[PDB]
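First up is the structure itself, then whatever we jot down about it.
When reading the values below, keep in mind they use all heavy atoms of this one structure, side chains included, and skip hydrogens, waters and symmetry mates. Naming convention: chains lettered A, B, ... in sequence-line order (proteins, then strands); numbering from 1 in each chain.
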Amino acid sequence: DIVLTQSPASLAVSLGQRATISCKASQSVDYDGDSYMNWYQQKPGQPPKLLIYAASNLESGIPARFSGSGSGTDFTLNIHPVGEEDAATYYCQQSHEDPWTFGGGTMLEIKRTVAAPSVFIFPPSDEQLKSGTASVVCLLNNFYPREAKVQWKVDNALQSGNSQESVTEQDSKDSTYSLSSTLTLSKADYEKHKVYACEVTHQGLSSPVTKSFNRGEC
Amino acid sequence: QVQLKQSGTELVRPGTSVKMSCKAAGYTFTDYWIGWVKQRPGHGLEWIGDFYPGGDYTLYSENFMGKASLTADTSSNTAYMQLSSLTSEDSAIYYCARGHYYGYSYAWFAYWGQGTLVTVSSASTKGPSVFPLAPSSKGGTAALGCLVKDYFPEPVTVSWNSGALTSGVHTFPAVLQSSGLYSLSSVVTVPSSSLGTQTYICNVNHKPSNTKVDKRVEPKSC
């Protein structure tokens, strides 16, 4: 098979600047003056989108901020100027001989200004408490960079092993992330404690932010 | 316009086969190869095989020999892929895509189906409960949402106000809980001044269970 090695695996590029992604093939993909290498963009929930075909041809409808170069075994995809909407994973793919093979992908992060999260806490709903389980949700909205620490405290005791986090893909309009953390307790354990707190640490915050509620106090 | 429309989400048992479809419109179906591609987290994109409906020609990856079978029904412009001897390694999103001739190849895939998600499992389908994430009683901007709990298999989709509210919405990737069931939250930030005058409804769809829930999220009056 023709093996394709992409580099880097992940790349962060400043808004407005140039992103360059490399793809190296284990054998030449040239024939009769054309280089049989393609580039795709993929965002979560969507199929891949063809950007560049035969190394340098811009697919109709794709912005000319995208360009491709190279021949033989060495190819590049260039994006300039980078915009918020370019956050995505990019793949090379060769069409020279079967099996058709893809590179491993490169995730592109768009580097924007630091933005602190806005933090919100949600108690379990009365509807859910009818069922014997309690989900407590902490939301961190529209922050950058991605690194963030969320710690749960119940009656000031730090929790471990009973929460799960989910982070959005980078936003295609403002280049921020958002994060949800869900603390799961049995109803029996939930009613044994009073203070439920989410503590958030992030580069954009001068000191950790804590959001909390007292069970039943509403 | 060239369009490829794939069949819906599948939940199928290990050891069996699954047959999914890709219906084409906007071009002469018998004149173009349809390629099939597998996407599984941690494994990028992997090509399975190609099918030419104008003659029933096949081309497979050696890794799918004896595993994938490609066919078509030209009377309905529909291509099919069957995957046999299913295991958890076959849980993935599967795409169809149309190739076109440029130079001396056709593997330039410009048009893609939306994908078919396949889960290989013997566990039963379970539609979710939907709970409100009510806007706090304690500013300029308030956050509210819906918690979609305890469903299987993926996926769930969420809209707000039937698609009229899109700004400020974040629908999070689902998490696989240790119960073996998925959960996800969808949130939106809105003007706190709108909480008494604007209605907020999350529209939750879990097609595998035909569970469709419209949940009104109101401020908690305490």
TODO: Go through the atoms of B:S183 and report whether side chain, backbone, both or neither lie under 4.5 Å from a heavy atom of chain A.
DONE: neither

Open item on the list: Looking only at heavy atoms and a cut-off of under 4.5 Å, which of A:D32, A:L51, A:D171, A:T133 has the most pairs with chain B?
Closed with: A:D32

Task: Side-chain donor-acceptor contact under 3.5 Å, B:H170 with A:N142 - done: yes

Open item on the list: To the closest 0.5 Å, what do you measure between NE2 (B:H100) and CG (A:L50)?
Closed with: 11.5 Å

Open item on the list: Would you say that B:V187 contacts A:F120 through its side chain, given a criterion of any heavy-atom pair below 4.5 Å between the two side chains?
Closed with: no

Open item on the list: Using heavy-atom distances under 4.5 Å, tell me whether A:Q128 contacts chain B through its side chain, its backbone, both, or neither.
Closed with: both

TODO: Hey, could you give me the NZ/SG distance between B:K220 and A:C218, rounded to the nearest 0.5 Å?
DONE: 6.5 Å

TODO: Examine distances only and state if a side-chain atom of A:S166 and a backbone atom of B:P173 form a donor-acceptor pair shorter than 3.5 Å.
DONE: yes

Task: Region of B:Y106 that comes under 4.5 Å of a non-hydrogen atom in chain A - done: side chain

- [ ] Could you check which of A:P44, A:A54, A:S60, A:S95 has the highest count of heavy-atom pairs closer than 4.5 Å to chain B?
- [x] A:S95

Task: Heavy-atom closest pair, residues A:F122 and B:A143 - done: CE2-O, 3.4 Å

- [ ] Check whether B:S136 gets within reach of chain A through its side chain, its backbone, both or neither, counting any heavy atom under 4.5 Å.
- [x] neither

Task: Least distance between heavy atoms, A:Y91 atom then B:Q39 atom - done: OH-NE2, 4.1 Å

Task: Largest heavy-atom contact set with chain B, pairs under 4.5 Å, which of A:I121, A:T101, A:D126 - done: A:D126

- [ ] Taking the side chain as every heavy atom from C-beta outward, state whether B:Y95 and A:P48 have any pair of such atoms under 4.5 Å apart.
- [x] yes

Task: A:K187, NZ: over 12 other non-hydrogen atoms inside 6.0 angstrom - done: yes

TODO: Can you measure from CG (B:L147) to OG1 (A:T182) and round to the nearest 0.5 angstrom?
DONE: 6.5 Å

Task: Structural part of B:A134 lying under 4.5 Å from a heavy atom of chain A - done: backbone

TODO: Check whether A:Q42 gets within reach of chain B through its side chain, its backbone, both or neither, counting any heavy atom under 4.5 Å.
DONE: side chain

Task: NZ (B:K67) with more than 12 external heavy atoms under 6.0 Å - done: yes

Task: Spacing of A:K173 atom NZ and B:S167 atom OG [to the nearest 0.5 Å] - done: 7.0 Å

TODO: Below 4.5 Å from any heavy atom of chain B, which atoms of A:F213 appear? Answer side chain, backbone, both or neither.
DONE: neither

Open item on the list: Taking NZ in B:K149 as the centre, count heavy atoms belonging to other residues, nucleotides or ligands within less than 6.0 Å. Is the count above 12?
Closed with: yes

- [ ] Evaluate whether atom OH of B:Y101 has more than 12 neighbouring non-hydrogen atoms of other residues, nucleotides or ligands under 6.0 angstrom away.
- [x] yes

Open item on the list: Is the ring pair B:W108/A:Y36 parallel, tilted or perpendicular, if the boundaries are 30 and 60 degrees?
Closed with: tilted

- [ ] Side chain from CB out, backbone as N, CA, C, O: work out which of these in A:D1 comes under 4.5 Å of a heavy atom of chain B, or both, or neither.
- [x] neither

Task: Portion of B:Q177 that has a non-hydrogen atom of chain A nearer than 4.5 angstrom - done: both

Task: Heavy-atom donor-acceptor pair, A:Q164 side chain to B:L176 backbone, under 3.5 Å - done: yes

Task: B:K138 portion near chain A, given a 4.5 angstrom heavy-atom threshold - done: neither

Open item on the list: Let's test your reading of the structure: which of B:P132, B:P155, B:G35, B:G113 forms the most heavy-atom pairs below 4.5 Å with chain A?
Closed with: B:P132

- [ ] Tell me, out of A:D34, A:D174, A:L179, who's got the most heavy-atom pairs with chain B below 4.5 Å.
- [x] A:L179

Task: Taking every non-hydrogen atom, the tightest pair across A:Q93 and B:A107 - done: NE2-O, 3.3 Å

TODO: Would you mind telling me which of B:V37, B:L45, B:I48, B:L59 makes a side chain to side chain contact (heavy atoms under 4.5 Å, CB included) with A:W100?
DONE: B:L59

Open item on the list: Quick check on the interface: out of B:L133, B:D50, B:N63, B:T189, who has the most heavy-atom pairs with chain A under 4.5 Å?
Closed with: B:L133

Task: Heavy-atom proximity to chain B below 4.5 Å, by part of A:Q46 - done: backbone

